[PDB]
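Undergrad: no sequence for this one, just the structure:
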RNA sequence: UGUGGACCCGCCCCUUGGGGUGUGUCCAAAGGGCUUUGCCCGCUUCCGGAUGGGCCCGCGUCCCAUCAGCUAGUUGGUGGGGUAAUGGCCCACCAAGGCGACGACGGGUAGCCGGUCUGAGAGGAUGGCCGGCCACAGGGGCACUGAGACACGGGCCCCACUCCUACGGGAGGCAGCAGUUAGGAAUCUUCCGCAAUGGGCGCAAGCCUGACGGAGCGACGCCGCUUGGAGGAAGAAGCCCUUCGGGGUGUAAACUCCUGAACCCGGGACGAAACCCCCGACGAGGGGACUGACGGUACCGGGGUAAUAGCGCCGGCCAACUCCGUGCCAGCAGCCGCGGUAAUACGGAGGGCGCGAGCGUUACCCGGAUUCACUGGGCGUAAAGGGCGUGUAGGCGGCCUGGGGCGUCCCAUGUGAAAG
RNA sequence: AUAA
RNA sequence: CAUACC
Ligand SMILES: [Mg+2]
Ligand SMILES: [Mg+2]
Ligand SMILES: [Mg+2]
Ligand SMILES: [Mg+2]
Ligand SMILES: [Mg+2]
Ligand SMILES: [Mg+2]
Ligand SMILES: [Mg+2]
Ligand SMILES: [Mg+2]
Ligand SMILES: [Mg+2]
Ligand SMILES: [Mg+2]
Ligand SMILES: [Mg+2]
Ligand SMILES: [Mg+2]
Ligand SMILES: [Mg+2]
Ligand SMILES: [Mg+2]
Ligand SMILES: [Mg+2]
Ligand SMILES: [Mg+2]
Ligand SMILES: [Mg+2]
Ligand SMILES: [Mg+2]
Ligand SMILES: [Mg+2]
Ligand SMILES: [Mg+2]
Ligand SMILES: [Mg+2]
Ligand SMILES: [Mg+2]
Ligand SMILES: [Mg+2]
Ligand SMILES: [Mg+2]
Ligand SMILES: [Mg+2]
Ligand SMILES: [Mg+2]
Ligand SMILES: [Mg+2]
Ligand SMILES: [Mg+2]
Ligand SMILES: [Mg+2]
Ligand SMILES: [Mg+2]
Ligand SMILES: [Mg+2]
Ligand SMILES: [Mg+2]
Ligand SMILES: [Mg+2]
Ligand SMILES: [Mg+2]
Ligand SMILES: [Mg+2]
Ligand SMILES: [Mg+2]
Ligand SMILES: [Mg+2]
Ligand SMILES: [Mg+2]
Ligand SMILES: [Mg+2]
Ligand SMILES: [Mg+2]
Ligand SMILES: [Mg+2]
Ligand SMILES: [Mg+2]
Ligand SMILES: [Mg+2]
Ligand SMILES: [Mg+2]
Ligand SMILES: [Mg+2]
Ligand SMILES: [Mg+2]
Ligand SMILES: [Mg+2]
Ligand SMILES: [Mg+2]
Ligand SMILES: [Mg+2]
Ligand SMILES: [Mg+2]
Ligand SMILES: [Mg+2]
Ligand SMILES: [Mg+2]
Ligand SMILES: [Zn+2]
């Protein structure tokens, strides 16, 4: 089966391409606690249709670029900017954590 | 081209062949597609040739080609016999 | 805040028995209650009941001990020798039916929560499920 | 056989009549009766308390030095008997006792086991009518242990079996004289042998 | 630690540094003597102890001990070292094999013969 | 010639470039052999099967954060080129993106796996024989030919090295089998055979196979086997000890009889029945013939000799003690420790313990080590609470009801090759 | 001064 | 007790 993931668009600043973020709950090998863990996929949005905040299903597909191997399969729910903001702070933090300069 | 042939499985001076289907370019004792019988030449036991005609027939039906020996053994276990 | 309310109860109970109270109050939840149902059934308590302290809903557990003993120290044997939370927050513990533990060669129980509901070890194995291993009691 | 040395200095180390010689061991000797202390310039001073270990060690030696067998071949049997199903101790005894070199002794063809070892290695013993010249060979149940057809009128064998006429052989062995033929009925069970070994101890020594 | 912490960091496994860089891992290593010495022990010991500074095919200069009552090693003797600290001379971690190369076997020794490396006294 | 296929455009079904269908255009072939009018082997186009591959994806895959920022084909778009085929694979133009504390970037180390060792297990260590995949063929590039190669015993070029050289120029490439040399603590025969199995070409007969089947060297490892078996003193000699009576080596030896490893003689294999040939039909089926490297070996039968034993240890841990020598020396020593003139710890002897065609040593891995603790640890004084707050991410979160079913549980089913 |  | 130096 072409693998199908569900995710959150955290970027459409790109011609015909969305950045869907997909998470996966799972029990940890040694320690057993459940750990979340997430990965960014580039998805083919051929008709610049879906916008950030959309929650979409992503489908395994013959490659469109490198990085691009999925097409946005359908829309689930829309608008939910919590996870977008969630993901956005997450990277804003990186400003500190360094040697250099920037309020995180 | 896929063969039907004897892969060598005994030990030194004690040979046991394992009749198998395999791509003809495999090493003799390497990875095979399917075993369909065995054969001890030294007849050390009351059962020393076994086949499974159906699988043997199957493979032949799709152009498995038996070595001149495997064919002998195949024939002997009644693989060909149509009467 | 109260991070695990089940351990709170499990403990609340452990604490009470070690000073031999007649009963103890836990603040109430169906899930807590659904455990006491088993504690009670398997003989570990005398049972419980929804009392009501200061207008908020509690489950009074009625504890159960041995008979008075011999020599120095006549404090009776405990019935709940031992009782401890297995699965906890930030370490949830789930088991297959083939993995539900034999506690003390069955001299003790192991309450677990399945989609057929809260159940003893013997209950789930002889009923074919598995679930979140809540706590051993022996 | 194996070990090939003074055997009665071993009788005298285990403090037990071991009968590693059969005949003379029934005389007023076996070494034990008359002089039953340990060998060596020292074996007559007040014996210190054996360490927990010595006790379990000396006990294995007592068992192994009976059947006359290398530790390499002893342990190999014990490990096998261990892996195996059943009371791993008595299965061990069953295994030592299942040895052809020993079964020949049990059926009184040889008067000792050292003698029974050689009787096999020199080919005088047959199993199921075929010859076997290996002391190791594992007798299974149902097997018949003959004296070789062309060995029958031999001196050492004649005396040895006119002596067997009218004597009883273990409840797990058959035997007919004149036919020079035995039969391994069954693996003996722990109470069938009368071995001066704790044996439970032998297990403990092999996990030290 | 908390589980979330083991998750975050985890247990660090233990590295086990060698007691004996005779490199290669190898059981033994050949070298030449670049001085034979006498050394004083420590602690509650006193005696004169035979050692060598060896320069190895490992490309390493280590100080070996020369066991046995009698020894025949000189400031250019080739020798085979073999690991085995001498408890009393600090910084002496390897031993020299007696019976190999320039090093003679101990003389007229009758007991622990294969250490010290002496043949079998022959007669009937 | 057009069965049929390919390409453009249109239409239908399908849903990514899958399957039809119409016009137009384009594309086929090779002969050979005889028991010579019919068979055998070939050739051409299309559809399907089998087998072998390419590419893409989810998840898993060592250490350093004393490596925190990284990226310009970089990230996506359009159109091209390229390929069997997708794709920044490559190119032009356009947008300004992409990745990172869930560890990007850099550095260090490493072929990965089935498995292997260890462990009660969880775990730890490993990837050597064998099997699967990948990568490489003096070092670095490159394409040609092909169904397949960027090609170990094919081509070109640059580099380093050895060799021939008439000074311009040429020739090589064992990480195939043996073998030499060097380095090293250390690792085999320049052996026999294509008889078997397998491969390539041939219609076949055959040919070619250092694949392979065998032998050879090495106790390197496992397993099996021998150096004998029964009798034999109230206990020889020698060596040892002693309370000067004795006690030990010890049934051990001598010696009596009994079997008979070595060795000699005779028979002597299995592995091999197919290809081929004959009848039948060149099918099914039946009949016949040839073939053995190992090897005069394995095994069977007769003859027949008492016929290799070492090494470690004996203070405690740890089975096993007595004399002499030595005098903080000579030495031992895994740890604690022995030796300073009465040493069961050093060197010898007698005796003893343990293994035994081996026994010790050194090296390395797991174990004991709950001594990195998930199972299974700790931090008042033993090592360990951050000098204190505020708070970002993150972790965690009271009671009641309803939806969903991500986690969790259950049933069925596919996969989990062989070896182990 | 050093070792017991 | 056995040693080591001024
Ligand atoms: Mg050491
Ligand atoms: Mg010593
Ligand atoms: Mg046409
Ligand atoms: Mg047409
Ligand atoms: Mg379509
Ligand atoms: Mg069309
Ligand atoms: Mg044409
Ligand atoms: Mg023609
Ligand atoms: Mg295919
Ligand atoms: Mg650009
Ligand atoms: Mg393109
Ligand atoms: Mg493009
Ligand atoms: Mg990296
Ligand atoms: Mg590699
Ligand atoms: Mg592994
Ligand atoms: Mg452990
Ligand atoms: Mg290798
Ligand atoms: Mg390998
Ligand atoms: Mg090379
Ligand atoms: Mg070559
Ligand atoms: Mg060299
Ligand atoms: Mg061949
Ligand atoms: Mg062939
Ligand atoms: Mg004798
Ligand atoms: Mg004879
Ligand atoms: Mg004779
Ligand atoms: Mg031929
Ligand atoms: Mg004909
Ligand atoms: Mg035929
Ligand atoms: Mg003799
Ligand atoms: Mg002792
Ligand atoms: Mg004296
Ligand atoms: Mg001296
Ligand atoms: Mg003295
Ligand atoms: Mg003293
Ligand atoms: Mg001594
Ligand atoms: Mg010692
Ligand atoms: Mg252990
Ligand atoms: Mg551990
Ligand atoms: Mg601790
Ligand atoms: Mg302090
Ligand atoms: Mg402290
Ligand atoms: Mg503080
Ligand atoms: Mg500070
Ligand atoms: Mg502080
Ligand atoms: Mg705070
Ligand atoms: Mg927060
Ligand atoms: Mg939450
Ligand atoms: Mg809750
Ligand atoms: Mg709900
Ligand atoms: Mg679910
Ligand atoms: Mg398997
Ligand atoms: Zn005796």
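TA: On my side now, so go ahead. Residues are numbered from 1 along each chain as shown, chains lettered A, B, ... in the order given. Ligands and ions are numbered 1, 2, ... in the order given.

Undergrad: Grab the nearest non-local neighbour of residue 96.
TA: Defaulting to chain A. Of all residues beyond its chain neighbours, the one nearest residue A:96 is residue A:104 (3.6 Å), with distances taken as Cβ to Cβ, 6 or more residues apart in numbering or on different chains. Just so you know, the C-beta spots here come from the backbone N, C-alpha and C atoms, and that holds for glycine as well.

Undergrad: should've been chain E
TA: The shortest distance from residue E:96 to any residue that is not its chain neighbour, by Cβ to Cβ, 6+ apart, is 4.7 Å, and that residue is residue E:64.

Undergrad: isn't there a strand covering the one you found?
TA: Yes: secondary structure of residue E:64, determined by DSSP: H, G, I helix; E, B strand; the rest coil: located in a strand.

Undergrad: contacting residues for it?
TA: By Cβ atoms under 8 Å, 6 or more residues apart in numbering or on different chains, residue E:64 lies in contact with E:51, E:52, E:53, E:54, E:79, E:81, E:92, E:94, E:95, E:96.

Undergrad: count of residues packed around the closest residue to residue D:142 other than its chain neighbours?
TA: Among residues not flanking residue D:142 along the chain, residue D:184 sits closest, at 7.1 Å (Cβ to Cβ, 6+ apart). Residue D:184 is surrounded by 23 other residues when neighbours are defined as other Cβ atoms under 10 Å in any protein chain shown.

Undergrad: Please parse chain C into its domains.
TA: If you go by curated CATH domains, the domain ranges for chain C are C:3-80, C:81-138.

Undergrad: what about the top strand by length along chain E, near RNA strand F?
TA: Across chain E, the strand with the greatest residue count (assigned by DSSP state E) is strand E:29-39. Yes: with Cβ under 7 Å from any atom of the strand as the threshold, strand E:29-39 lies in contact with RNA strand F, specifically through E:29, E:30.

Undergrad: Tell me the spacing between the spatially most central residue of chain E and ligand 53.
TA: When chain E is reduced to its mean C-alpha position, the closest residue under Cα atoms, centre = their mean turns out to be residue E:94, at 1.7 Å. Residue E:94 sits 51 Å away from ligand 53 when distances are taken as Cβ to the ion, to the nearest Å.

Undergrad: got a list of what that residue touches?
TA: Under the contact definition (Cβ under 8 Å, 6+ apart), the residues listed for residue E:94 are E:20, E:22, E:62, E:63, E:64, E:65, E:81, E:82, E:83, E:84, E:85.

Undergrad: beta partners for it?
TA: Using DSSP bridges, the bridge partners assigned to residue E:94 are residue E:64.

Undergrad: Could you do residue E:53 as well?
TA: On the basis of DSSP bridges, residue E:53 is bridged to residue E:35, residue E:63.

Undergrad: That one reaches residue E:39, doesn't it?
TA: No: between residue E:53 and residue E:39 there is no contact, the gap being 10.9 Å when judged by Cβ atoms under 8 Å.

Undergrad: where's the residue nearest to the centre of chain E relative to residue E:69, distance?
TA: Using Cβ to Cβ, to the nearest Å, one gets 20 Å for the distance from residue E:94 to residue E:69.

Undergrad: Could you do residue C:97 as well?
TA: Taken as Cβ to Cβ, the spacing of residue C:97 relative to residue E:69 amounts to 73 Å.

Undergrad: okay, these two: which has more neighbours?
TA: Residue environment comparison for residue C:97 versus residue E:69 gives the larger neighbour count to residue C:97, 14 against 10, counting by other Cβ under 10 Å.

Undergrad: The more buried one is in contact with residue C:123, isn't it?
TA: No: with contact taken as Cβ under 8 Å, residue C:97 and residue C:123 are classed as non-touching, separated by 11.1 Å.

Undergrad: so what's residue A:10 up against?
TA: Shown here is residue A:10, whose contacts under the criterion Cβ under 8 Å, 6+ apart are A:19, A:20, A:21, A:40, A:52, A:83, A:84, A:87, A:88.

Undergrad: What of residue E:113?
TA: Counting by Cβ under 8 Å, 6+ apart, residue E:113 makes contact with E:119, E:120.

Undergrad: How about the one 4 residues further on?
TA: For residue E:117, the contact set (Cβ under 8 Å, 6+ apart) comprises E:97, E:98, E:99, E:100, E:105, E:106.

Undergrad: Swap in 10 Å and give it another go.
TA: Residue E:117 makes contacts with E:67, E:68, E:97, E:98, E:99, E:100, E:103, E:104, E:105, E:106, E:109, as judged by Cβ atoms under 10 Å, 6 or more residues apart in numbering or on different chains.

Undergrad: Pick the one among the contacts of residue E:64 closest to ligand 53.
TA: Using Cβ to the ion, residue E:95 is the member of the contacts of residue E:64 that sits closest to ligand 53, with 46.3 Å.

Undergrad: Sticking with the residue in chain A positioned nearest to ligand 53, tell me its helix or strand.
TA: For chain A, the residue positioned closest to ligand 53 under Cβ to the ion is residue A:30, at a distance of 61.4 Å. In this structure, residue A:30 sits in neither a helix nor a strand according to DSSP states H and E.

Undergrad: Quick check: phi and psi on it?
TA: Reported as degrees, to the nearest 10, the phi and psi values for residue A:30 are phi -70, psi -40.

Undergrad: what's the spacing between it and residue C:125?
TA: Plainly put, residue A:30 is 27 Å away from residue C:125 if you go by Cβ to Cβ.

Undergrad: where do the strands sit along chain B?
TA: Using DSSP E, the strands of chain B run over residues B:2-8, B:17-23, B:34-39, B:49-50, B:65-66.

Undergrad: Adjacent strands (with direction) for the last one?
TA: Applying DSSP bridges to the sheet, strand B:65-66 is found paired with strand B:2-8 (parallel).

Undergrad: what about the nearest residue to residue B:71 once chain neighbours are set aside, how many neighbours?
TA: Spatially, and ignoring its direct neighbours in sequence, residue B:71 is nearest to residue B:4 (7.9 Å; Cβ to Cβ, 6+ apart). Residue B:4: 25 surrounding residues under other Cβ under 10 Å.

Undergrad: which residues does residue B:4 bridge with?
TA: In this entry, residue B:4 is beta-bridged to residue B:21, residue B:66, by DSSP bridges.

Undergrad: so it makes contact with residue B:59?
TA: Yes: judged on Cβ atoms under 10 Å, residue B:4 makes contact with residue B:59 at a distance of 5.9 Å.

Undergrad: Overlap of the contact sets of these two?
TA: Here residue B:4 and residue B:59 share the contacting residues B:20, B:21, B:33, B:34, B:36, B:65, B:66, B:74, scored by Cβ under 10 Å, 6+ apart.
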